[PDB]
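Student: Take a look at the following structure, please.
Values in this text are rule-based calculations from the coordinates and carry no lab data. Cβ coordinates were reconstructed from backbone atoms using ideal geometry, including for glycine residues, and neighbour counts include every protein chain displayed.
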Ligand SMILES: *[C@@H]1O[C@H](CO)[C@@H](O[C@@H]2O[C@H](CO)[C@@H](O[C@@H]3O[C@H](CO[C@H]4O[C@H](CO)[C@@H](O)[C@H](O)[C@@H]4O)[C@@H](O)[C@H](O[C@H]4O[C@H](CO)[C@@H](O)[C@H](O)[C@@H]4O)[C@@H]3O)[C@H](O)[C@H]2NC(C)=O)[C@H](O)[C@H]1NC(C)=O
Ligand SMILES: *[C@@H]1O[C@H](CO)[C@@H](O[C@@H]2O[C@H](CO)[C@@H](O[C@@H]3O[C@H](CO[C@H]4O[C@H](CO)[C@@H](O)[C@H](O)[C@@H]4O)[C@@H](O)[C@H](O[C@H]4O[C@H](CO)[C@@H](O)[C@H](O)[C@@H]4O)[C@@H]3O)[C@H](O)[C@H]2NC(C)=O)[C@H](O)[C@H]1NC(C)=O
Ligand SMILES: *[C@@H]1O[C@H](CO)[C@@H](O[C@@H]2O[C@H](CO)[C@@H](O[C@@H]3O[C@H](CO[C@H]4O[C@H](CO)[C@@H](O)[C@H](O)[C@@H]4O)[C@@H](O)[C@H](O[C@H]4O[C@H](CO)[C@@H](O)[C@H](O)[C@@H]4O)[C@@H]3O)[C@H](O)[C@H]2NC(C)=O)[C@H](O)[C@H]1NC(C)=O
Ligand SMILES: *[C@@H]1O[C@H](CO)[C@@H](O[C@@H]2O[C@H](CO)[C@@H](O[C@@H]3O[C@H](CO[C@H]4O[C@H](CO)[C@@H](O)[C@H](O)[C@@H]4O)[C@@H](O)[C@H](O[C@H]4O[C@H](CO)[C@@H](O)[C@H](O)[C@@H]4O)[C@@H]3O)[C@H](O)[C@H]2NC(C)=O)[C@H](O)[C@H]1NC(C)=O
Ligand SMILES: CC(=O)N[C@H]1[C@H]([C@H](O)[C@H](O)CO)O[C@@](O)(C(=O)O)C[C@@H]1O
Ligand SMILES: CC(=O)N[C@H]1[C@H]([C@H](O)[C@H](O)CO)O[C@@](O)(C(=O)O)C[C@@H]1O
Ligand SMILES: CC(=O)N[C@H]1[C@H]([C@H](O)[C@H](O)CO)O[C@@](O)(C(=O)O)C[C@@H]1O
Ligand SMILES: CC(=O)N[C@H]1[C@H]([C@H](O)[C@H](O)CO)O[C@@](O)(C(=O)O)C[C@@H]1O
Ligand SMILES: *[C@@H]1O[C@H](CO)[C@@H](O)[C@H](O)[C@H]1NC(C)=O
Ligand SMILES: *[C@@H]1O[C@H](CO)[C@@H](O)[C@H](O)[C@H]1NC(C)=O
Ligand SMILES: *[C@@H]1O[C@H](CO)[C@@H](O)[C@H](O)[C@H]1NC(C)=O
Ligand SMILES: *[C@@H]1O[C@H](CO)[C@@H](O)[C@H](O)[C@H]1NC(C)=O
Ligand SMILES: *[C@@H]1O[C@H](CO)[C@@H](O)[C@H](O)[C@H]1NC(C)=O
Ligand SMILES: *[C@@H]1O[C@H](CO)[C@@H](O)[C@H](O)[C@H]1NC(C)=O
Ligand SMILES: *[C@@H]1O[C@H](CO)[C@@H](O)[C@H](O)[C@H]1NC(C)=O
Ligand SMILES: *[C@@H]1O[C@H](CO)[C@@H](O)[C@H](O)[C@H]1NC(C)=O
Ligand SMILES: *[C@@H]1O[C@H](CO)[C@@H](O)[C@H](O)[C@H]1NC(C)=O
Ligand SMILES: *[C@@H]1O[C@H](CO)[C@@H](O)[C@H](O)[C@H]1NC(C)=O
Ligand SMILES: *[C@@H]1O[C@H](CO)[C@@H](O)[C@H](O)[C@H]1NC(C)=O
Ligand SMILES: [Ca+2]
Ligand SMILES: [Ca+2]
Ligand SMILES: [Ca+2]
Ligand SMILES: [Ca+2]
Ligand SMILES: [Ca+2]
Ligand SMILES: [Ca+2]
Ligand SMILES: [Ca+2]
Ligand SMILES: [Ca+2]
C-alpha cells in the first residue's frame, strides 16, 4: 500500500452522470434511519464512503425534535460505504459538529471538532487512533470543511476557521502527516471570508472553493502548496456566481480578487473547479434560498470576471424541490482524476413545518467524458405523511 | 486476480435443484424490508449476489403506496450477498430504474439507467467508480437487461433498447472494458423486437434469450461475438414457447427466424439456453398472465420449430401462485459452466388489491447433473394480513 | 489453505464451560428476530457459526402463527457467526427444512433438503455454488443430521434417512468431495433406526450418535470409515440412556447392539462421545418430555451396558425450564480436538399456549480440561408478555 | 502477525481529546438497542472495539424491566467496533456477568464469568475457541476487571476477585498464554481490597488502578511482573482521591500503602496512571454519587500522599449529569503508547424512576500531546419521553 500522489491530469468533463442516492428520508418513514446534516463523500483507493454529522438520534424518535440546531454534544461523524443509508449499524467514527475526512492511500484521516462554542476542541484521528488535537484559537466556533480533506504523498491538508460569521475571522490551513499536525499556515491573499471549503488535488498542490459568509456572493479560492506551506487566495472570476444568497443572472457581478458586496451576508457550502480557463460549478437554482440545484460550465469563467457565458447546464434537483450543501470529491480513474459532487437534500425545520425535525438525504454525480440526458432527483419524501 | 474467460464446456444438466429463497415479503410484515422489482442474481469468482431495483422505500412505510410504477427518481440498484434479504443495511450501488451487472474476474460492472423517459442517462460503474455514460439515443425509455451482463477476457457486453414498446425500436450491444464503452454494435439479423435479454457465456462468445414485446410470443436470440463485435439474431425454434402472453400448447406455434404473431403484444422477461440441439427453458405455467412457473427441456427444441416434445418438467412455483420475471445466470464450476435462474415473485398491485404496494421476493435454482424431486416455492405471504 | 485432517488426539475433558448464548427469544420481544428451530453450530478453521432452519418469518410478524410445522417451502438454513442473533441481515444460505453443514478447511459444505414430503430434493452446496443434488430414494421425508457434517482430507461425510418414522427406514451415508457426491454407502450393522446424527472426527474416521425413533431409548452409533466407505453400527452401551422419552434411572436398561424397547417410540436429537471406555453425554433432565438439560460422564459407559455409574454431572438448563435438540461439534485446539455442544431452547406451541408461534434460542458449552462450577442458562423469555 | 510487546515509552500527555460517543440511549427511543452496563474499550493492532455486558434484551422490550440486577444467566459480553452502537447484529462473544478482553497482537482473549453466585465459572476464550476455564475458588461472586486485560510477548494478565465485598476477599492474578492459564499468582502487598482493575502496559510489566470496596476511598495499585509472576501492591498516594464515595477536597486524605478509612464502603470502577512522579486520573465530580465526571493531573500525585495540587482539569461530563464506571485502555502510537479512557453514562433505576430499566451509553477520550478546550458530553436522553 502506497501513498496517493494524484499525479495524473484531470479527466475530460462534458458534464455529470448519476452516481448515488440514499433516499434516507423516504426510508425513515418505516425504518430506523439517522437524523443528520452537513454530509459528504470521500473514497479510499478501492471504494467510496458517505459521511454526515448525526444528531445522536434516529428520525422516528423523540430526540429528533429541535435538531435544527448546528452544535450539540450528541453529534458524531457517521461513516458508511456509499449507498448504505445511515442505519443503526452505522459507525460513528468520532464526536463532531464539524468535520473533514480523507484517505492518503494507507489509512483514514478524520478531523473532528466538538465542544463549547467559545472553546471548541478539534481531534485528529488517523488509522483508528488519536494522534493530535488543537484548541480553538480565536474562541468563536472553530469549524471546518464539511467535505473531504486532500492528501498528497502522505501530507494531508485541511482548512479551518475560527472567528466571526459576518465579519473578519481567522482562517488557518493545517498540514497533517500520519495524524500529526506538522505545520500550520495562516490565511493569506485577497480572500476576505472563507468557510467550508471544497478542496481537491490539483497536482502538485490543492485547490479549494469556499463560502464567504460576509461580503461576497462569489466563492473564494484558496491555493495550498503542499511542499512549502505557502498559501494564495482569491475569488471565482465567473460573472455567474455560486453562493446563495445572490443577485439574479442579469443583475449579478463578480471580481477575481474581492467580495462583490452583492447580498453577501450568509452563504451555503458549494464547490467549483477549473478546466483550462473555464469553470465547472453547481449552485442552488433559486437565488435567495436553498431550492433546486444546477450545474454548468462558464466559458472563460475561471479567468474572466465579466463572462456570463454558461454551457452544458444540468438540473440536478428541480427548482421546486429542496437542496442545500454541496461539495467536491475526487476519484482516481486509470489515466486521470475525476471530479464528482454530492448534494444535501435538507428536509424539515425551519423551512418546512409539517414535522419537528431537520434531516437530509443525499444525491451524488460524477464527471463524465461520455454523454448524458436529463432528470431531477429530489428527496422524494412526503412530510405530510411522515412520523407524526 | 485474473480475467474470467469462461473457457469451459457447459455442465451436464438433467434439471434444476433448489439454490436460494429470501422470503422478502413474508419478512416485511414484521421488519423493514425494501420494496423492489426486476431482481436478478450474478456472482463473482467466489460467491453470489442478489440484485433488484428498489422503490426508495421499505414496505411498512407510507412511500410504498403506488410503487406499481416502473420509473421514479427514487429507484436504485440494490445489492446483497445471495440469501440476505434487502434490509436497511443494503447497499444501493447506483441510481437505476433499469440495470445490468457483471463481474469480469477483477471487479464489478454496473450499467445503471435513470432520468427522464425521453432523455434517460445510463451510467457505467466499474470497480467503485464512474468510468463512462451514454445518453438515450432514440429518446423513448432507454432500458436494458434486468439481469447479469457477461464479460470475457475483460471485455463485457450488455444489450440495451431505446424506442417503441409495441413497434420497431433501436437495440444496441455495448462492449465495455474496465468501465469504458469501447465499441457499440447495433442490432442486426432476423430478431424484430428485443428487450431484457438473459445473456450467458457460450465461449468464445455470448448468447441472450430475450423478450419481444411486439409481434412474438417466441423468445428472440441474439449472438454477440466478443472479439469482432459482429451480431447475429433470431428466435427460439421450439414449438413450445417461453414468452407470456401466448397461445396454449396445442394452439401455439413458432419460427426460428420471425415473430410468430401469436398474442405477441406485451411479454415478460424470461430465459432459455441450448444443449446440443435441445433447449432448456422456464416460463409462467399460465399462458395469459404471470402465474406459476415451470421449467422443461424441449427435445430438438433449439433447431426445430415444429418440435413440442418436452421432457424433464419441473414446477418451480405452482399455477395458483404468483410469478414474474426470470433470467439466467452462470456459475463456473471446476470442470464446466453451470446455468442457473431466478424467479421474481411479484405481490401487490395491480393484480392483488388487498394492499397498496407492489413488491417481490425471489427464488433461485441451479443446474444439476445429479437427481431431484418435486415441490413448489411460492412467495408465501398473506396479503390479507399484511401492513394495512 | 489446507484440508482439515483432524489428526490430533481428543482433548482431556473434565466437563464443560460456557461458550455462547443468543437470548434470541428475549430479543424478539423488541426487535426483528427470525422464528427458527433445529439449530446447530459448526466452525471453520478460524471461527464458529450458528445455523438454524428458519420459518421464512420473524417473530413479531403475522406469519409466525402455526410455525409449529416442520416442513414448509419457506424454510431456509440461516447462518451467522456464533453470538449474532438471527436478525434481518442474516444470510439464508439455502432452502431447507432439513440440513447439515461443515467446513473442510478450504470452503463450506451445506447439505440442504426441501420439497414435497414424498419426493424431497437435497442440494449439495460447496464454496458458494451448487455442485450436486439427489432425489429422495424411498419417497418418505428424506431428512438428515440437523447438526454439522464432518470432513477429513477433503472428503466430507453426511448421514441421511428416507423411510418410516416408527418402523424400518432407509439410511445412507454419503461421501462428498468438493460438493460432489462421490460414493454412497448404505446403513449396515446392528443399528435399527437412525436419525439426526451428531457426528464427530474420531481420526482416521467419523463417529455419530443418533436418534432411534422406533424401538430404542438408547442412542444408536454409526462408524464411518472415510477411506474405504465401510460402515458399522450399534448402540451406546451405557445403562444410563440419552434419548427422550425413556424410563427412569432405576427402571431403565440398555444394550450395546439392540434397541432396548423401553419407551422407544419417538425421540429427540442428542449426542454422546467416547473417552477410552467412558461416555460423555447430555440429555433432557425430564424423562418423558423436553424439559431441562444435563450432562455427565458414565464410567465404563462406552463398553458396558450394565454400568449406571455417572460422574461429573452438570445442569445446563434446570428441570423446570424448556430444552430440546442438542448435537456435538468439534473445534481444533493447538494440540488436540475439543468437543462442544449446543442446546435448542424451544419456546411456544404446542407445549406453551400463551402465544401462537414456535421458535428457539440457543446455548453452547465447550469441553474443558480446567475447572468449572454451576448454574442454569434457560431461555429467559416471558411468554405472558411476548408479542400478543 | 507478531506479538505485542508495548516496548515503547509512554506518550506525552497534556490532557485528553474527544474520541468516541455512541448516544446508545438516545438511539434506543426509536430503534432496537441493547440494554447494557459495565462497558469498556480495547483495541487490536489495527482498530478499536467497544465491549459491554448485555441484559439479554433490548431497551424497547418487556425484558428491560428490572435490569438493575448485576448477575443474570441472560448477560453476555457484547462486542462492536468503536462507534457502532449495540444493535441487533451485535456479536455476543460469550456468556458473562463479568468480563475482561485483550488482544496480544495475533488474536482476541475474553475472560468471561457466569454461573451461580456461590459457584461461578469463568471461561477463557482465545482466537474463537475455549482453551481453559476455572471455578470460583472462594464461592462468593468470582468477578473481574470490567475493562481490558493486558498482554505482553503473548502472555496475558488478568486480575480476578472472589470473596467479600465489604471485608477481606481473595484476589488472584492469572497469566494466560494463547487462552491457556499458565500461572496463577495470588495478591500480595499492602493493598487490602481490590476489584475491577484498570490495567495498562508499563513495560516490562503491567500496572492496575483498582477499586477498594471496603476501607479505602483512595484507589489500590497492583504491579504485575510478566516474566516472573511476582506481585506488589499499594495505593495511589495523591491526596486528591479517585474512588466514589469519598470526602471533599478539603476534608479528604490518602496514604501510599493503606486504605484511608474515609467513606471507604462501596466504590466505583475508575482509573489512574503515572507520569514520572505525577498522576493523571479521572473521577466523578460529585463525591457521594455517580454524577459528573472530571479528569486532572495531580502534581507529585504519584509519590506524595500529602499533595493536592491539581493541574489541567477537564470536565468530561458536567456535575448535573449522570456518569459511572470508567477504565483505562492503551493504544500503540508510532513512537509511544497513548493512554485513553471510557466513561459509562448510566441511565435508569434505581436513581432515575421515570422508567423501569437500567442501561448506559459511553463516551471516550484519548491522551493528547497537542491542545484542547472545553465542553460536556452527557448521555443526552430524555427519560420523561423514553419508551413508556
Ligand atoms: C437531453 O439531454 C441533454 C443533456 O442534458 C440536453 O442537452 C443540453 O441542453 C442544455 C439546455 O439547453 C444545454 O445547456 C445550455 O447551453 C446553452 C448554449 O447555447 C447555445 O450556444 C452554443 C454556442 O457555443 C451552441 O453550441 C449550443 O448548441 C446552444 O444552442 C446555454 O445558453 C444555456 O444557458 C441558458 O439556458 C438556461 C435555460 O434552459 C438558463 O437557465 C440559463 O440561465 C441560460 O439562459 C444552457 O447552459 C446543454 O449544453 C445541452 N447538453 C449537451 C451535452 O449537448 C437535451 O436538451 C436533452 N433533451 C431534452 C428533450 O430534454
Ligand atoms: C419425483 O421427482 C421427479 C423429478 O421431478 C419426477 O419425475 C419427473 O416427472 C415429470 C412429470 O411427469 C417428468 O416430466 C415429463 O416427461 C414426460 C416424458 O414422457 C414420457 O416419454 C419418455 C420417452 O422418452 C419417457 O422416457 C418418460 O419416462 C415419459 O414416460 C413429458 O411428456 C411430460 O410433459 C407432459 O406432462 C405435463 C403434465 O405433468 C404437461 O404439463 C406437459 O404439457 C406435457 O403434456 C413431462 O415433461 C420428468 O421427466 C421426470 N423426471 C425425471 C428426472 O425422471 C417424479 O414424477 C416425482 N414423483 C412424484 C410422486 O411426484
Ligand atoms: C460447584 O461446582 C462443581 C462442578 O459442577 C460441583 O461439583 C460437582 O458436583 C456434582 C454434583 O454432586 C458432581 O457430580 C456427581 O458425582 C457423583 C459421584 O459420587 C461420588 O463418588 C465418587 C467416587 O469416584 C467421588 O469421587 C465423588 O467425590 C462423589 O462423592 C455422582 O454420584 C452424582 O450422580 C448422582 O447425583 C445426582 C444428584 O445431584 C443425580 O441426579 C444422579 O442421578 C446421581 O444419583 C453426580 O454425577 C461432580 O462430580 C462435581 N464436579 C467436580 C468437578 O468435582 C460443586 O458441587 C459445586 N458446588 C456447589 C455449592 O454447588
Ligand atoms: C479553554 O480550554 C482550556 C482547556 O480546558 C482551559 O484551560 C484550562 O483551564 C482549567 C480550569 O481553570 C485549568 O485547570 C486548573 O489549573 C489550575 C492551576 O492553577 C494555576 O497555577 C499554575 C501554577 O503552575 C498556573 O500555571 C496556571 O496558569 C493556573 O493559573 C488549578 O488550580 C485548577 O484546580 C482548581 O480549579 C477547579 C475549578 O475550576 C476546582 O474544581 C479544583 O478543585 C481546584 O480548586 C484547575 O485544575 C487548566 O490547566 C487549563 N488548561 C490548559 C491546557 O491551559 C480554558 O480555561 C478554556 N477557556 C474557557 C473560556 O473556558
Ligand atoms: C460549525 C457550524 O455551526 N456550522 C454551521 C454553518 C455556520 O452557521 C456558518 O458557516 C457560520 O459561519 O452553517 C449552517 O448554519 C448552514 O448555513 O446551514 C449550518 C452549519 O452547521
Ligand atoms: C425500463 C422499464 O420501464 N421497464 C419495464 C418493462 C417495460 O414496460 C417493457 O419492457 C416495455 O418495453 O416491463 C414492465 O412493465 C413489466 O413488464 O413488468 C416493468 C419494467 O419496469
Ligand atoms: C425433517 C423433519 O421433519 N424433521 C423433524 C423430526 C421428525 O419428525 C422425526 O425425526 C421423524 O423421524 O423431528 C421433529 O418432529 C422433532 O422431534 O422435533 C422436528 C423435525 O422438524
Ligand atoms: C460481578 C458484579 O456483580 N459486579 C458488580 C459490582 C459489585 O457489586 C461490587 O464490585 C461488589 O464487590 O459493582 C456494581 O454493583 C456497581 O458498583 O455498579 C455493579 C457490578 O455489576
Ligand atoms: C419540541 O421542542 C420544543 C422546543 O423546546 C418544545 O417547545 C416542544 O414542547 C417540543 N414538543 C414535543 C411534542 O416534544
Ligand atoms: C514523496 O516524499 C518523499 C520524502 O521522503 C520523497 O523521497 C519522494 O521522492 C516524494 N515522491 C514524489 C513522487 O514526489
Ligand atoms: C425562491 O424560494 C422562495 C421560497 O419561499 C420562493 O417563495 C421564491 O418564489 C423562489 N424564487 C425563485 C426565483 O424561484
Ligand atoms: C395512495 O395513492 C393514491 C394514488 O395517488 C391516492 O389516490 C391515495 O389517496 C393514496 N392513499 C393513501 C392512503 O395514502
Ligand atoms: C485475452 O486478450 C489479450 C489481449 O492483450 C491476449 O493477449 C490474450 O492472449 C487473450 N487470452 C485468451 C485466452 O484469449
Ligand atoms: C390464468 O390467470 C387468470 C388470472 O385472472 C385466471 O383467471 C385464469 O383462469 C388462469 N388460466 C389458466 C389456464 O390457468
Ligand atoms: C392462526 O392459525 C390458525 C391455524 O390455521 C387459525 O385457525 C387462526 O385463525 C390463526 N389466528 C390468527 C389470529 O391469525
Ligand atoms: C490425503 O489424500 C491424498 C490423496 O491425493 C494423499 O496423497 C495424502 O497423502 C493424504 N494425506 C493424509 C495425511 O492422509
Ligand atoms: C416432565 O414434564 C411434564 C410436563 O408436562 C411434567 O408434568 C412432569 O412432572 C415432568 N416430570 C419430571 C419427572 O420432572
Ligand atoms: C416490573 O418488574 C417488577 C419487579 O418484579 C414487578 O413488580 C412489576 O409488576 C413489573 N412491571 C411491569 C409493568 O412489567
Ligand atoms: C451529589 O448527588 C446528589 C444526588 O442526589 C445531590 O443531591 C447532591 O447535591 C450532589 N452533591 C454535590 C456536592 O454536587
Ligand atoms: Ca421499527
Ligand atoms: Ca455569501
Ligand atoms: Ca420496526
Ligand atoms: Ca411478446
Ligand atoms: Ca421494529
Ligand atoms: Ca427413541
Ligand atoms: Ca422497530
Ligand atoms: Ca471505596
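Student: For segment B:234-388, what is the relative contact order in percent, using Cα pairs closer than 8 Å and at least 6 residues apart in sequence? Present the calculation step by step, with values, prior to reporting the outcome.
Tutor: Details: 362 pairs, mean separation 27.4, N = 155.
Here the relative contact order equals 18 percent.
Student: What ranking of D:250, D:376 emerges when the number of other C-beta atoms within 10 Å of each C-beta is taken as an exposure proxy, fewest first? Kindly include the intermediate steps, with their values, before the conclusion.
Tutor: Numbers: D:250 6, D:376 17.
Ordered by Cβ neighbours within 10 Å, fewest first: D:250, D:376.
Student: Same structure, new question: Roughly how many nanometres apart are two label points built 7 Å out from the Cα toward the Cβ at residue C:3 and residue A:250?
Tutor: 8.4 nm
Student: Ok, one more. Report, in deg cm²/dmol and to the nearest 500, the calculated mean residue ellipticity at 222 nm for chain B, where each DSSP H run with n ≥ 4 adds -39500 (n - 2.57) and the sum is divided by the residue count. Write out the running numbers ahead of the final one.
Tutor: Details: 1 runs with 4 residues, N = 388.
Here the helix-only value at 222 nm equals 0 deg cm²/dmol.
Student: How high is the FRET efficiency from residue C:47 to residue B:127, r the C-beta distance, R0 25 Å, rounded to 0.05? Spell out each step's value before the answer.
Tutor: Values: r = 29 Å, r/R0 = 1.16.
With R0 = 25 Å, the Cβ-Cβ based efficiency is 0.30.
Student: If you don't mind, another one. 7 Å from Cα along Cα→Cβ at both residue D:275 and residue B:311: what's the point-to-point distance in nm?
Tutor: According to this spin-label approximation, the distance is 8.4 nm.
Student: Same structure again: State whether the protein assembly as shown is rounded, prolate or oblate according to the following rule on the C-alpha gyration tensor (a ≥ b ≥ c being the square roots of its eigenvalues): a/c under 1.5 gives rounded; otherwise a/b larger than b/c gives prolate, and the remaining case gives oblate. Could you put the intermediate results ahead of the total?
Tutor: Details: a/c = 1.98, a/b = 1.00, b/c = 1.98.
Cα axes put the protein assembly as shown in the oblate bin.
Student: So, in Å, what gap is there between the alpha-carbon centers of segment D:3-69 and segment D:183-256?
Tutor: Going from one Cα centre to the other spans 24 Å.
Student: Using a label position 7 Å from Cα in the Cα→Cβ direction, what is the ascending list of nm distances from residue D:117 to the same site in the other copies?
Tutor: When each copy's label point is compared with this one, the spacings are 5.1, 5.1, 7.3 nm.
Student: Here's another thing I want to ask about it. With r as the distance between the Cβ atoms of residue D:70 and residue B:66 and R0 = 56 Å, compute the FRET efficiency 1/(1 + (r/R0)^6) and round to 0.05.
Tutor: On the way: r = 52 Å, r/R0 = 0.94.
For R0 = 56 Å, the calculated efficiency reads 0.60.
Student: What shape does chain C take by its C-alpha gyration tensor, where a ≥ b ≥ c are the square roots of the eigenvalues and a/c under 1.5 counts as rounded, a/b above b/c as prolate, and the rest as oblate? The partial results should precede the final answer.
Tutor: Working: a/c = 1.27, a/b = 1.07, b/c = 1.19.
In terms of gyration-tensor shape, rounded.
Student: What are the nm distances, shortest first, from residue D:232 to its equivalents in the other copies, labels at 7 Å along Cα→Cβ?
Tutor: So the distances to the same position in the other copies read 6.4, 6.4, 9.0 nm.
Student: Next up: Shielding by partners for A:286-297, please: the mean number of other protein chain Cβ atoms within 10 Å of each residue's Cβ. It would help to have the intermediate numbers written out before the result.
Tutor: Values: counts 0, 0, 0, 0, 0, 0, 0, 0, 0, 0, 0, 0.
For this peptide, the per-residue mean of nearby foreign Cβ atoms is 0.
Student: Here's something else I'd like to know. For A:375-386, what's the mean count of beta carbons from other chains sitting within 10 Å of each residue's beta carbon? Can you show the working numbers first?
Tutor: Numbers: counts 10, 3, 6, 2, 3, 7, 5, 3, 0, 1, 4, 2.
Whole-number average of other-chain Cβ neighbours for A:375-386 is 4.
Student: To the nearest whole number, what is the average tally of beta carbon atoms from other chains within 10 Å of the beta carbons of peptide B:78-85? Numbers along the way, then the final one.
Tutor: Numbers: counts 1, 1, 2, 4, 5, 10, 6, 5.
Whole-number average of other-chain Cβ neighbours for B:78-85 is 4.
Student: May I ask which residue of chain A has the beta-carbon nearest to the axis carrying chain A onto chain D, and at what distance in whole Å?
Tutor: For the rotation taking chain A to chain D, the closest Cβ gives A:89, 4.
Student: Could I ask something else about it? Defining the label point at 7 Å along Cα→Cβ, can you sort the distances from residue D:62 to the same site in each other copy, shortest first, in nm?
Tutor: Relative to the other copies, residue D:62 has label-point distances of 2.2, 2.2, 3.1 nm.
Student: Take peptides C:6-15, A:278-287, C:173-182 and line them up by average Cβ neighbours within 10 Å, highest first, as a rough protection proxy. Provide the component values of the computation, followed by the final result.
Tutor: Numbers: C:6-15: 16.3, A:278-287: 23.0, C:173-182: 20.0.
Highest to lowest by the protection proxy: A:278-287, C:173-182, C:6-15.
Student: Here's another thing I want to ask about it. Between residue C:356 and residue C:261, 0.36 nm times their residue separation minus their Cα-Cα distance comes to what? Could you put the intermediate results ahead of the total?
Tutor: Details: separation 95, 0.36 × 95 = 34.20 nm, distance 3.51 nm.
The residue C:356-residue C:261 span can extend by a further 30.7 nm.
Student: Here's a follow-up. Would you mind classifying segment B:32-83 by shape? Square roots of the alpha carbon gyration tensor eigenvalues, ordered a ≥ b ≥ c; an a/c under 1.5 is rounded, otherwise it is prolate if a/b is larger than b/c and oblate if not.
Tutor: Values: a/c = 3.29, a/b = 2.09, b/c = 1.58.
Prolate is the answer for segment B:32-83, as a/c is 1.5 or above and a/b outweighs b/c.
Student: Restricting to Cα pairs below 8 Å that are 6+ residues apart, what does the relative contact order work out to for chain D? Please round to a whole percent.
Tutor: Relative contact order here is 17 percent.
Student: What order do you get for C:26, C:211 when you list them from fewest to most C-beta neighbours inside 10 Å?
Tutor: Result, fewest neighbours first: C:211, C:26.
Student: Could you please rank C:319, B:4, placing first whichever residue has the fewest other Cβ atoms within 10 Å of its Cβ? Write out the running numbers ahead of the final one.
Tutor: On the way: C:319 14, B:4 20.
Result, fewest neighbours first: C:319, B:4.
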